[PDB]
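Data block below; observations after.
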Amino acid sequence: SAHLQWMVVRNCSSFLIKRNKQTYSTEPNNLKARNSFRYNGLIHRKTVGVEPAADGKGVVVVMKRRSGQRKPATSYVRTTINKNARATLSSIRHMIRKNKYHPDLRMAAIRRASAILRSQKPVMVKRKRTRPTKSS
Amino acid sequence: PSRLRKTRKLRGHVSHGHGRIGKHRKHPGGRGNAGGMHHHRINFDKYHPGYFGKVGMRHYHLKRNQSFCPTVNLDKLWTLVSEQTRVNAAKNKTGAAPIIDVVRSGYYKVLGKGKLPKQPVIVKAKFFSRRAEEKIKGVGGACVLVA
Amino acid sequence: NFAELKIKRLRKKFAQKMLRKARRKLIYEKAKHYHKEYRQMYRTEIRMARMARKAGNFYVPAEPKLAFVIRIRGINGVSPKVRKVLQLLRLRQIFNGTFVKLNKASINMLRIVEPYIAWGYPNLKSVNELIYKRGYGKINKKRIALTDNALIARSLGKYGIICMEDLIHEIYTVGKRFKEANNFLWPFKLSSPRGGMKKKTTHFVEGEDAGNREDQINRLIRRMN
Amino acid sequence: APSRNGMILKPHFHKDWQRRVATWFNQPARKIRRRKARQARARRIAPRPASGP
Amino acid sequence: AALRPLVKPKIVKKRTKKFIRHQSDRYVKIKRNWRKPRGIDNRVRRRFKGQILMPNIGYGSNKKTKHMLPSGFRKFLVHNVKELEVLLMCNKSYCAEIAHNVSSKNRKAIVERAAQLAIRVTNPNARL
Amino acid sequence: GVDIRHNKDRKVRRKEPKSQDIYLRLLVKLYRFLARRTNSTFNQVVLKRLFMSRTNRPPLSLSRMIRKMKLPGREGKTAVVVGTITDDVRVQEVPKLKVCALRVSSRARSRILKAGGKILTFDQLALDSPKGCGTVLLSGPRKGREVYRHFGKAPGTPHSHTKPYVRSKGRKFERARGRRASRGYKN
RNA sequence: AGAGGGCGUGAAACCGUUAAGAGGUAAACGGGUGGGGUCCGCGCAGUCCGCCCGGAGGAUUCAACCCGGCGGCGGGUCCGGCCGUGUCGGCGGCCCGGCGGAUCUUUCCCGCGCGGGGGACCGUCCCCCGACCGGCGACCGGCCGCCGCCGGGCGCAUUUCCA
RNA sequence: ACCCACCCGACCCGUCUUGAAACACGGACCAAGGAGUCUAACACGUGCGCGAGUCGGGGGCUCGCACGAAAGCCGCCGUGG
RNA sequence: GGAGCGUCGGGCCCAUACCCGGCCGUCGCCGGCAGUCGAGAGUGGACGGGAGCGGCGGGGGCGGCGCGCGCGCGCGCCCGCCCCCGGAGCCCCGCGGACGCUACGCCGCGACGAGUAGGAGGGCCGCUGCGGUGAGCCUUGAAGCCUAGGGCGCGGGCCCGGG
Ligand SMILES: [Mg+2]
Ligand SMILES: [Mg+2]
Ligand SMILES: [Mg+2]
Ligand SMILES: [Mg+2]
Ligand SMILES: [Mg+2]
Ligand SMILES: [Mg+2]
Ligand SMILES: [Mg+2]
Ligand SMILES: [Mg+2]
Ligand SMILES: [Mg+2]
Ligand SMILES: [Mg+2]
Ligand SMILES: [Mg+2]
Ligand SMILES: [Mg+2]
Ligand SMILES: [Mg+2]
Ligand SMILES: [Mg+2]
Ligand SMILES: [Mg+2]
Ligand SMILES: [Mg+2]
Ligand SMILES: [Mg+2]
Ligand SMILES: [Mg+2]
Ligand SMILES: [Mg+2]
Ligand SMILES: [Mg+2]
Ligand SMILES: [Mg+2]
Ligand SMILES: [Mg+2]
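Residue numbers (the entry's author numbering), protein chains in the order written: chain r, 2 to 137; chain a, 2 to 148; chain F, 26 to 250; chain L, 2 to 54; chain e, 2 to 129; chain Q, 2 to 188.
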């Protein structure tokens, strides 16, 4: 099941990382990096995962089929969205809400995408803001 | 697992759980079963009634195999045989009654605890109880002595 | 489906609001009666004496039913018979108090704890001030402040006691249902006596604070409540 | 000294027994050695039963 | 213009000084590190007036602001870049410490990545 | 300062099972929920028993389960046992039963199913009856363990019948001064 | 050589000095403030950001829509077929289904009343199709609805970017 | 958190003791070392497996052991406890 | 002419005691939450005929069980409707459900907290080695050492800066 294998995994997984009074989890398709039942990519029959695009521009959503897990090669199905921020969110929203897929997730999936589109903020602009650089 | 044991948690504390009025000295009672009569008597005669004293007859060269006589109760006599002897019987219509060699299964005596199902038998055994005999007859069977 | 249910839910809503109104009105009239009852009690004690005094006579009024009992010394070095009675009056901490109905049994229990308590016959006002300022229910064994009558009712409403006012009338007149209203009240945690005491260790009669001071328990109440 | 209920029990560790403790760390090495030696003896008694007589 | 945390309440501490160990002052062999005394007579262990204090759970921090740095964050000791990307979805509540043992080349690699993701770093201007 | 004894303020009952096994712990998650959300006290009793020790949930023999359902009226029901169902070789004819158990031994399983019996797991019982309706909640004999024969008024304490811890029974292991009248005295 | 032949690292006790501070109730300590130092964070305004909105400037293509393609989800008609649970029918695998049995038979066979193997029988495990039911995350195929991506269409009261 | 000042508080620890700041003992200072272990037997508690059974030893069959002196299996599965 | 003694007033002084409030922990609550109405709860809902301003014309009770935000109603026009959240717009929503849900988690209410000998629990306290595991760290500097540098933790301790 989901729950059974969460019992096996909850405290032992290689992906987990305690330390410094927090805990985290590094398994893929965990938006929110939580060592939670809810937010765990590997356990659930239906899964969401919002990674950045390898291009450096844009976001990828990562659904999981249901067709056939057992066959991880075919299980996840990726989809780049490289659109005008506000649009990107909405496409993710619909993917999640209007497909009735992992409805629990969804707002977390939006915030992730949002943060990713923040990431691709401008590094040069940040440098200018921190230091006035006036009159030596 | 020392990790789990008590001395890890006693570290720091002086007496190590043995108190500081009285201490952990070596052998304050005497070693072992010392004082069975004097000064440990009460424990002996309120948890071991009858430790001290002889009783009964000596027996010099005891050999246990002479007195070997493992028992079995009617309770579970049919257990000795395959269910399909107890089934091909309550059937058959000859009034046959299947044999149960108890000595084959490793019991010499047949004692008589328990209800025996109304279903004839021939019990071969080295020894029988009185009651075990009676019950067997009441089922409509026959006890059989064997050497 | 939809508009039928909605109206049914609105109907329900209203039937509650009506009932709330009703029970409120009962509470309001119950008080008004108790106002008249205490008035009538007060006057008709004076009435009596004046009438004895008109004749060459005396009106010995009733001995009191009910008394407040404050624990006025601490919890160290206290005899086992005292200590037990003090935890049969629920007077565990120092300066805890309880109402206590009087009778041969009860009075003698106070006699066995005399130099450990100050006590006597509370006023009407005393019963109000104690209940309103420091009225705490025992509600599933959790000391809980009587913020609403929904608390009192929930617990004591099986006796006809449905509000703070009813409670005050049960305590003060020592009704049938006193035991159950009095036990419902968690014992009164009062502060220290402002202006101080006279002497903790000696009896009232002989200058101190302990023992029966009858009328004068009300002064002490005000300086502690 | 005995304390409230238990078998009034006699252990036999009064002689110098730790001088004569016999460990079994051999045993695997032993078990093999027998087994080799066994297979050798077969091979020597060529078509004869390994058993014996 | 540094990274503000989500909520920056008033941390309020019950005790600021270190509890120190009895007679750690008098002797170089005794270390400051707290030890409960277990001595049969002991001014300290029996709570006399005027002595060094004994730590209780009484002094405990408020749970909202326990482990809260002055800045408002909690630390999280990042060890390499991959380990940062965890904090991505916290950033407003946790910051990143970089480890002592991390090299001055890849110390740099972490810092700029945290700057993309807006995770505040607690020892950035350092190795150089 | 207040006078209460803080002596028996902490109740010592279990809360969870002490075991770490994952399947039992799932049953606990299920029956916690049911316990709290249903009115059924069956769920509460069952929940309570899932936290108990091996000792404390003794095996229920098939014959004991038979006779308890043979009782008049509890017919067309389901027997429930938080322990295990074992065989009785000293019973023969096994009626067709309905059973819940955390375990049933392989023999006991065969015998029951051969009869036309149904065996249920505890997750299955919940779906079948979440408020424990139409159940016979049994238990194995708690005081079966040979352990208990040493418990009580000590041996050598008049009118006790309490097995002493003895290395080996036989002519000359106890049965002298303090059991015979001939040797000192007897209790 | 801040590794110099008892030389890797080089703690503490203890000593020398350099700098700072103090000094008649032995010192040292707890609590509480003050003063001074040491560094650390600033600010050469820290007025901190983020949504949405209104106005004002500037800039790319859209979104809304259809059209073509791909991928995904979910659905019932269980429609068609694969899939498997409980039941019933085939006694059909039963010898082309094996093990087990103190069930039987030495009508059998082989080896010497016994051993091995058949042969009955019972228990257990497998084929054939039909019917009912849980139609079960155990899958496919079409159809439907919805979503997303790519490309077509749409050139600008739109949809974006930026200040 | 370094130093200094001041007000209040404040006897030296360890220990045996009814009682220790004691005119009771041990202690100049620092470093490293330094004391409830293991085996056997019992009992109770708890966890797991199987359950009228259970069991593994001892022995054997599988390997030159890289990991193995492991791991696996045994009409020995039960002589036997 | 008390700062003495005996008798008595007011007033004021402060303990870790009492009261109110904060914060930490422990205990208790058949505690709550795996996603729903509902605050002395004292029902909800088919569905069929007969009808309608009818209703259920019961206590100075002072009242809880029955009444004045509607039951039928505004719209389509005496007859019909009284409709669907992929949209009632929401203080309750039974169609789907946390920002919250490491269920060894999270949350709420009360109460309480001296301690030798002794017992038990928890230690994301600490040391050394082993199986796993961190696509860990490390000559672009590991361990150790030192530090009037910055912090965290009630604490065991820990983490960073510089050397
Ligand atoms: Mg001890
Ligand atoms: Mg000692
Ligand atoms: Mg002793
Ligand atoms: Mg006193
Ligand atoms: Mg006195
Ligand atoms: Mg041989
Ligand atoms: Mg002492
Ligand atoms: Mg205590
Ligand atoms: Mg060197
Ligand atoms: Mg050197
Ligand atoms: Mg070297
Ligand atoms: Mg100088
Ligand atoms: Mg002595
Ligand atoms: Mg003496
Ligand atoms: Mg001393
Ligand atoms: Mg002296
Ligand atoms: Mg001496
Ligand atoms: Mg000396
Ligand atoms: Mg050392
Ligand atoms: Mg045991
Ligand atoms: Mg305590
Ligand atoms: Mg102690």
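Just so you know, even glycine gets a beta-carbon here, dropped at the ideal spot from N, CA and C.
Residue ranges of each beta strand (DSSP E) within the segment 37 to 114 of chain F, 3 or longer: 91 to 96
Element boundaries [beta strand (DSSP E), containing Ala102(Q)]: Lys99 to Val105
8 angstroms CB neighbourhood of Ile97(F) in its chain, flanking five on each side removed: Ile119, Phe120, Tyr141, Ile142, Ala143, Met222, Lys225, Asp234 and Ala235
Under 7 angstroms from the C-beta of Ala109(Q): neighbouring residues of chain L: By Cβ distance, chain L contributes nothing, its closest Cβ being about 35 angstroms from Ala109(Q), past 7 angstroms.
Per-residue DSSP class, three states only, for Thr24(L): coil
Sequence-distant residues of its chain with Cβ nearer than 7 angstroms to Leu51(Q) (five each side left out): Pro18, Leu25, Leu28, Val29, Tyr32 and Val83
Whole-angstrom C-beta distance between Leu98(Q) and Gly118(Q), which should lie under 8 angstroms: 4 angstroms
Three-state secondary structure (DSSP) of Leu90(r): helix
Proximity test, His14(a) beta-carbon vs ligand 22 heavy atom, cut-off 7 angstroms: yes
Pair within 8 angstroms by beta-carbon distance, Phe43(Q) and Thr158(Q): no
With 16 other Cβ atoms within 10 Å as the buried cut-off, status of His60(F): exposed
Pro165(Q) beta carbon near ligand 3 (any heavy atom closer than 7 angstroms): no
Residue burial classification, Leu149(F) (beta-carbon count within 10 angstroms, cutoff 16): exposed
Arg71(r) versus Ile101(a): straight-line alpha-carbon distance, rounded: 56 angstroms
Assigned secondary structure, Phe34(Q) (DSSP; H/G/I helix, E/B strand, else coil): helix
Under 8 angstroms by beta carbon: chain L residues contacting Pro29(a): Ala2
Simplified DSSP state of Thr85(Q), which is helix, strand or coil: strand
Simplified DSSP state of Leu126(Q), which is helix, strand or coil: helix
is_contact[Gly99(F), chain Q] using C-beta, thresh 8 angstroms: yes
Residue from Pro165(Q), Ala127(Q) and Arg143(Q) with nearest C-alpha to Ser41(Q): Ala127(Q)
Continuous beta strand (DSSP E) stretch holding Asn121(F): start and end: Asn121 to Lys126
The segment 37 to 44 of chain a / the segment 52 to 65 of chain Q touching (three or more Cβ pairs under 8 angstroms): no
Bridge partner(s) assigned by DSSP for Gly236(F): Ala143(F)
Nearest to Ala116(r) (by Cα), restricted to the options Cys91(e), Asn126(e) and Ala110(e): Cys91(e)
Nearest-angstrom beta carbon gap, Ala97(e) and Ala115(e) [assumed within contact, 8 angstroms]: 6 angstroms
Proximal chain Q residues relative to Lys55(a), where beta-carbon distance stays under 9 angstroms: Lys173, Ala177 and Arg184
Rounded C-alpha distance that separates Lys7(a) from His19(a): 12 angstroms
Every unbroken alpha helix (DSSP H) inside the segment 67 to 147 of chain a [4 residues or more]: 84 to 88, 103 to 106 and 131 to 140
Cβ separation of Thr85(Q) and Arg104(Q), assumed to be a contact under 8 angstroms, to the nearest whole Å: 4 angstroms
Cβ-heavy atom distance, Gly31(a) to ligand 3, below 7 angstroms: no
First and last residue of the uninterrupted beta strand (DSSP E) at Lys167(F): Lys167 to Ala170
Chain Q contacts made by the segment 85 to 111 of chain F, where a contact means CB separation under 9 angstroms: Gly99, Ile100, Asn101, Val103, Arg108 and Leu111
Continuous alpha helix (DSSP H) stretch holding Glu154(F): start and end: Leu149 to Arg159
Reduced DSSP secondary structure (H/G/I, E/B, other) of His62(a): coil
8 angstroms Cβ cutoff, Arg168(Q) in contact with chain L: yes
Three-pair Cβ contact test at 8 angstroms for the segment 157 to 174 of chain F versus the segment 11 to 30 of chain L: no
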